[PDB]
Amino acid sequence: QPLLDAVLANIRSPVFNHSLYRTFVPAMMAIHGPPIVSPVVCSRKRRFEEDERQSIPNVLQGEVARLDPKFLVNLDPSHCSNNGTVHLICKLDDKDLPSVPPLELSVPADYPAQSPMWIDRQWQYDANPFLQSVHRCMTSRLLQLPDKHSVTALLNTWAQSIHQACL
Amino acid sequence: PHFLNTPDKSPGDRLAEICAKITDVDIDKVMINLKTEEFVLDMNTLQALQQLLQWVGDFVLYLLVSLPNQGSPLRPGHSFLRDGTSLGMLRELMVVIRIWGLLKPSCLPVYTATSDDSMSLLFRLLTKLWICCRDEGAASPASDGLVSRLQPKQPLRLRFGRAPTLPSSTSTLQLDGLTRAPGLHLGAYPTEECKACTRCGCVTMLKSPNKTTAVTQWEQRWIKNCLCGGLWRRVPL
Amino acid sequence: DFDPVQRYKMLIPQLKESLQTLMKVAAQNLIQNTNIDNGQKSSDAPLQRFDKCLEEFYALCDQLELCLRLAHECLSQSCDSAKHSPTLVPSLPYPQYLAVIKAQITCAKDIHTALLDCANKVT
């Protein structure tokens, strides 16, 4: 109901801001009498330096941390400074039969995409009969993942397919 | 020199200085004694009376209050000003501002209200302090008791523009290109900075446009060199 | 000589009216100061103080708070003792009531002192 102050403060468009001070500060300083209402001292040069200048996209680092001791990823001759940021060599060292490591070059780690690279498909999979069956079912299974994720999801799918087509 | 006055015998602006030989109390008598006609230069007196003339209106009070507190842990406290000439100029400013407030209702505030004529009492105190300051005499009695009485009007917390120093005493200093190393009233200071805020070399920190109409005399006086602070400086918000 | 609830009921609407007048005088003083400091002279009329209003509003608020605090303390101290003894004043004699209260205070003080001494002797 007492919209008078509201409409006046809204009408007060001009740039000069000293009327509110001279109009209110006397009354408040008379009633409230703090010589230092905020006696804490504040003199701050906030930012000195904040950069490691050696970090790859941190989101990928989280996944490489969450990886199981069975998996292990690395880096090849890397076109992966900051944008691609990955084309790894993940050897699925586990209890069952081993295989050939894929590249899995992923996009920016924000991940509005997935990894799959499929580089060494040409000679590695056609050469062996078992490796040929490994690729077969694994492609069909990867054509099912809705928006797969780079390290954990794709690596686990690869291991599961490798140890499932093994039969 | 702001006076766009009428004809006069000789330099009507000098009468405000010749008014020294006048009565102590009741400036209303002193003004009729000296002159009352040729002291109106512009009907738009609403240019410096409310914004600029509040400075002297508060400084007179802060000087009067600082008198009975000589026991403070400081030689003058904040300021002493026991020379007399400055006090005489202050009294002349009080006379001309009384004339202004008589011409137009935008005078210096009572600083709250309820002075039954706050200007009259302030002028009486100024003159009582000024009489025994004029020409080689002792200084203050009843004045010390009168200044002790505070009306329901007196504010405090005046700007008092000061300048930080550079105390690199005798050994060494180690600064940086940035990241400063810790060791004016014409508006010019809202609660939070929201204008140009063209600082100066020592204390000024005055806005650039000032958002005014006819007080550009001060602006032209300050755009150029200043009180050893002509190096005006721009500082962001 | 009214009840605290009556004082509260008679203070609340005066409080609302004081708040309304406070907002009104604040708006008037602010618009006058702006017209006298930004634009042209238009408000050539004596305005109120806006301080003699806010002080009175704060006084009314504080007095209402004090009345309600007194009523709360009264009801609290009357509730806990009502469940500790029957009503007997012009069902029990006054000297017996005083002796029972003295014995109760003594027993509570003894329990507190014993517990404090044991807690201090524990370490």
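Per the PDB record, the structure was determined using cryo-EM to 4.02 Å resolution.

Helix and strand counts for chain A come out as six helices and zero strands. The secondary structure elements of chain A, listed N-terminal to C-terminal, are α-α-α-α-α-α. A compact globule built from 167 residues should have a C-alpha radius of gyration of about 15 Å, whereas chain A, at 31 Å, is more than 25% larger. Here the C-alpha coordinates of chain A stretch approximately 90 × 40 × 30 Å along the principal axes.

With that settled, consider the overall build of chain B. A count of helical and extended segments in chain B gives seven helices and two strands. When the helices and strands of chain B are placed in sequence order, the string is α-α-α-α-α-α-β-α-β. Referenced to the eigenvectors of the C-alpha coordinate spread, the extents of chain B come out at roughly 65 × 45 × 35 Å.

Between chain B and chain C, the residue contacts involve eight residues of the former and seven residues of the latter. Considered class by class, the residues forming the side of chain B that touches chain C number three nonpolar, four polar and one charged.

Contact with chain C, which involves 15 residues of that partner, is made by 14 residues of chain A. The element contributing the most residues to the side of chain C that touches chain A is helix α1 (residues 4-37) of chain C, with 10 residues. Each residue belonging to the side of chain C that touches chain A can be placed in one class, and the counts come to eight nonpolar, three polar and four charged.

Glancing now at unusual backbone geometry. Residue and element names in this part refer to chain B. The phi angle at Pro11 is positive, at roughly 55 degrees, despite the residue not being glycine. As for its placement among the helices and strands, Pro11 is situated in the segment before α1 (15-18). Not every positive phi belongs to a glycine, and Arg157 is a case in point at roughly 60 degrees. Relative to the elements of secondary structure, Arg157 occurs in the loop between α6 (142-148) and β1 (198-199).

Moving on to the packing of aromatic side chains. Seen from their ring centres, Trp118(A) and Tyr125(A) are 6.3 Å apart, and the 65 degrees between their planes marks the pair as edge-to-face. A centroid spacing of 5.9 Å and a plane angle of 25 degrees characterise the contact between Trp218(B) and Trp222(B), whose relative ring orientation is stacked. Highlighted residues: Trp218(B) and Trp222(B), both in helix α7 (residues 216-223), separated by four residues, approximately one helical turn. A cation over a ring is seen here: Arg134(B) above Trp130(B), with NZ or CZ 5.9 Å from the ring centre.

Below, the discussion takes up the environment of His87(A). All names here are of chain A. By the secondary structure assignment, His87 is in the loop between α3 (58-65) and α4 (121-127). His87 sits 81 residues away from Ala6 along the chain, and the two C-alpha atoms are 61 Å apart. For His87, the residues in contact, after removing those within four places along its chain, are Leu75, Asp76, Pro77, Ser78, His79, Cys80, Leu103, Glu104 and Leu105. Within polar-contact distance, the side chain of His87 engages the backbone oxygen of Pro77 at 3.0 Å.

On to the pattern of salt bridges. Ionic pairing is found between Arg22(A) and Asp37(C), a salt bridge with its closest N-O pair at 2.7 Å. With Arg22(A) in helix α2 (residues 19-31) and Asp37(C) in helix α1, this residue pair bridges two chains. For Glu50(A), the salt bridge is made with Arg47(A), and the minimal N-O distance between the two is 2.9 Å.

Let us look at the packing of helix α5 (residues 129-142) of chain A against helix α6 (residues 152-164) of chain A. Residues and elements named next belong to chain A. Packing of α5 against α6 leaves a shortest axis separation of 9 Å and a crossing angle of 130 degrees. In this view, α5 runs oblique relative to α6, as classed from their interaxial angle. Considering the relative orientation of α5 and α6, their crossing is right-handed. Side by side, α5 and α6 meet where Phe130, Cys137, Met138, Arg141 and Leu142 of the first sit next to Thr157, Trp158, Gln160, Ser161, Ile162 and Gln164 of the second.

This part takes up the packing of helix α1 (residues 4-11) of chain A against α1(C). Two elements in contact, α1(A) and α1(C), have axes separated by 8 Å at closest approach and are oriented at 20 degrees. With respect to α1(C), the axis of α1(A) lies roughly parallel. In this structure, α1(A) crosses over α1(C), and the sense of that crossing is left-handed. Contacts from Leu4(A), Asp5(A) and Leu8(A) of α1(A) reach α1(C) at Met23(C), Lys24(C), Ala26(C), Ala27(C) and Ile31(C). Taken together, the residues of the contact of α1(A) with α1(C) sort by class into six nonpolar, no polar and two charged.

What counts, and where the lines are drawn
Residues numbered from 1 in each chain as written, not as in the entry; some residues may be left out. Chains lettered and ligands numbered in written order. Part of a larger assembly, values for the part shown. Heavy atoms only, no water. Residues with missing side-chain atoms left out of burial classes, pairs and counts. Helix = DSSP H or I, 4+ residues; strand = E, 2+ residues; numbered from the N terminus. Rg over C-alpha atoms; globule rule 2.2 N^0.38 Å. Contact = heavy atoms within 4.5 Å. Nonpolar A, V, L, I, M, F, W, Y, C, P; charged D, E, K, R; others polar. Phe/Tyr/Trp six-rings, centres within 6.5 Å; stacked < 30°, edge-to-face > 60°. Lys NZ or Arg CZ within 6 Å of the ring centre and 35° of its normal. Polar contact = N/O pair within 3.5 Å; in protein donor to acceptor, adjacent residues only side chain to side chain. Salt bridge = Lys/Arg side-chain N within 4 Å of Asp/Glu carboxyl O. Axes fitted to C-alpha atoms, helices over the stretch in contact; angles between N-to-C directions. Parallel < 35°, antiparallel > 145°, perpendicular 65-115°, else oblique. Left-handed = near helix turned anticlockwise from the far one by under 90°.

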